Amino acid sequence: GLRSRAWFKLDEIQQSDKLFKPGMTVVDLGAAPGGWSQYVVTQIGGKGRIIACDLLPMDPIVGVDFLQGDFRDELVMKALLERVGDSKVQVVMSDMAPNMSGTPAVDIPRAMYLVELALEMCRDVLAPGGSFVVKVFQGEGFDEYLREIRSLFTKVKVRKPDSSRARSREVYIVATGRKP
């Protein structure tokens, strides 16, 4: 196809939630191979920019500062913050998901650790009034994580893009209006 399933899931979210606007600065976590950043550049235009990260390498994209490393490493955080600088960040987006073993009592804790890391970076860099979109799986830990996001944002929706496989346990929490 011309674009990946991931690209289509974000297009569906932009259609439903209107997160991306011209000139915004966006953080893209678990960016490889680049669908979400490629999509966001079409919305933020050439004057916006993205600071992206993945364990895997990916093709460069004009307007995207891409750092390849393990987001679980405190060091990689430091380097990502170096690319953000004093730019205000209007959206933090995360599509990170772990290598899955196939056993939920193992895969869910691995996945929840990454979205907890994504929320901690959101707390640290997202500007007041900003948005956070994160891939999360149904199951253990989902209720508490959603409650925490609801306490930090003015509006929160749980989206299941039509492009998301019906068999997949994933959903996307879409939060807008980061509270003061």
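One rule holds for the numbers: they count along the sequence shown, beginning at 1.
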(request) Please work out which of 105-113 and 80-88 has the higher mean CA B-factor as recorded in the PDB entry. (result) 80-88
(request) Read off the CA B-factors in the entry, average them over 58-66 and over 25-33, and name the higher stretch. (result) 58-66
(message) Per the entry's Cα B factor values, which of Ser131, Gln43, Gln38, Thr154 stands out as the maximum?
(response) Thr154
(message) Looking at the temperature factor on the CA atom of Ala97, which third of the chain's modelled residues does it land in?
(response) middle
(request) Place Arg49 in the lowest, middle or highest third of its chain's C-alpha B-factors, as listed in the PDB entry. (result) middle
(message) Please place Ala166 in the lowest, middle or highest third of its chain according to the CA B-factor in the PDB entry.
(response) highest
(request) Please place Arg159 in the lowest, middle or highest third of its chain by C-alpha B factor as given in the entry. (result) middle
